[PDB]
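K.L.:
My structure is below; once you've seen it, I'll send some questions.
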């Protein structure tokens, strides 16, 4: 029924010092962006800076962890449980990021279990999907994205607190450039998959955000697409340019 | 003489309320001198700032893991540089749970140890054999191979502690004896003497990472080649203080 609220997530990845975090947070705190009714803004620092960011960031921007454990805490040295994030009043978590799928070998099932467990503790989830250059060149884009999405869908009963991020991994460090039209094509096919395989209502209300290369310059052209509901920003999330990407929400 | 070393691995446990209680209990503790025992406490990443800001300054804070190299495009990982930036002096690397559950290879662990040392972190480097490996007669083959992957990459032995985890005796129904701990620690120290140097063998702490409680701490701690403990679950409880007090056995 109601329009999907534009969503901008900033994934800091494995970057930051206390000094850099203070500079980034000060820059965001002084930013003048569209209303909380027009855009939902989430910033995702490394685990060790979650307390500093949550304590100092403007209350109308929300904090995400970059990962959490698949289940209840216990004998999992080095892992952070969903209930720890809830305990520290961290409302969001990024799960299934292409870097964790590729470098740390997180399976679609492992990601699905994490999403279900995070939602069960009351966290909101940015659930990431995306195909490699090999998969795209093989003609497997929608087979891979549908399979990643299905592993999540099979474990999720309530999509209200889920945002899906499409990462064109094929266009990240390969020399290949994703067009806005190519982004819109995958977002459209993914939403049609949700409509047929979950429900018309879930398809209509679930934000699908673009996790490819976005800057101030291309944000309105990418953002001004029928099935693109915002961005999961990588490196630019550390820079003032992030504010220009948030401002792309006015295109809707 | 090697200074007795007691690490407390909280693992994936804690809330702000539980952390405050644990830290208050440690802050009120009366334990042996800084000459007799070195104490390290390892909370989850998200509680490192709270623990570092509130813990007695003569106990040291460790992260439970860090990334293998320089930060960048590694969503969810915490770099050695970040820990140094937050004045976290120690890191646990190659814990049996990360080797077994998260499939960290001996080479990956070795690279993490080298990178952590290079940023100025002190490292508790963990090694240990499974029940299958122990029953196959492969205990010292496995421990030597895991240690070699680390030793090949170490740039400062002063800042390394080795933790032997008898993984075969964690949730299997098997009980690791003081004699079995002593045997592995002695053979590991002899490996260091032959493969690194007599001086590194003589001065490097080898701590026992098996099931340690108030009751068995003095008998384990009294062994010639056991230089202390990496404590699991008991590290969350007042009993951790009784384990630190085992250092007086040396």
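We count from 1, first residue shown onward.
Positions of Cβ are set from backbone N, Cα and C atoms, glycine also.
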K.L.:
For the set A:132, A:141, A:157, A:206, say which residue Swiss-Prot annotates with phosphothreonine.
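P.N.:
Comparing A:132, A:141, A:157, A:206 with the record, Swiss-Prot tags A:132 as phosphothreonine.
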K.L.:
From A:55, A:140, A:213, name the one Swiss-Prot lists as phosphoserine.
P.N.:
A:140
K.L.:
Where residue A:132 (phosphothreonine) and residue A:167 (active site, proton acceptor) are concerned, what is their Cα separation in Å, rounded?
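P.N.:
Between the Cα atoms of residue A:132 (phosphothreonine) and residue A:167 (active site, proton acceptor), the distance comes to 9 Å.
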K.L.:
Of these recorded positions, A:11, A:132, A:167, which are close to chain B by the rule of a Cβ under 8 Å away?
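P.N.:
Cβ contacts with B, in sequence order: A:11.
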K.L.:
Show which residues of the chain containing residue A:97 (active site, electrophile), separated from it by at least 6 in sequence, have their CB under 8 Å from its CB.
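P.N.:
The answer is A:11, A:66, A:67, A:128, A:167.
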K.L.:
10 Å Cβ neighbour count around residue A:132 (phosphothreonine)?
P.N.:
19
K.L.:
Once the chains shown are all counted, how many other Cβ atoms turn up within 10 Å of the Cβ of residue A:11 (substrate binding site)?
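P.N.:
Other Cβ atoms found within 10 Å: 29.
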K.L.:
For residue A:13 (substrate binding site), what residues in its own chain, 6 or more apart in sequence, show a Cβ-Cβ distance under 8 Å?
P.N.:
A:66, A:99, A:234, A:235
K.L.:
Using all protein chains in view, find how many other C-beta atoms are within 10 Å of the C-beta of residue A:167 (active site, proton acceptor).
P.N.:
24
K.L.:
Secondary structure at residue A:11 (substrate binding site) (DSSP, helix/strand/coil)?
P.N.:
strand
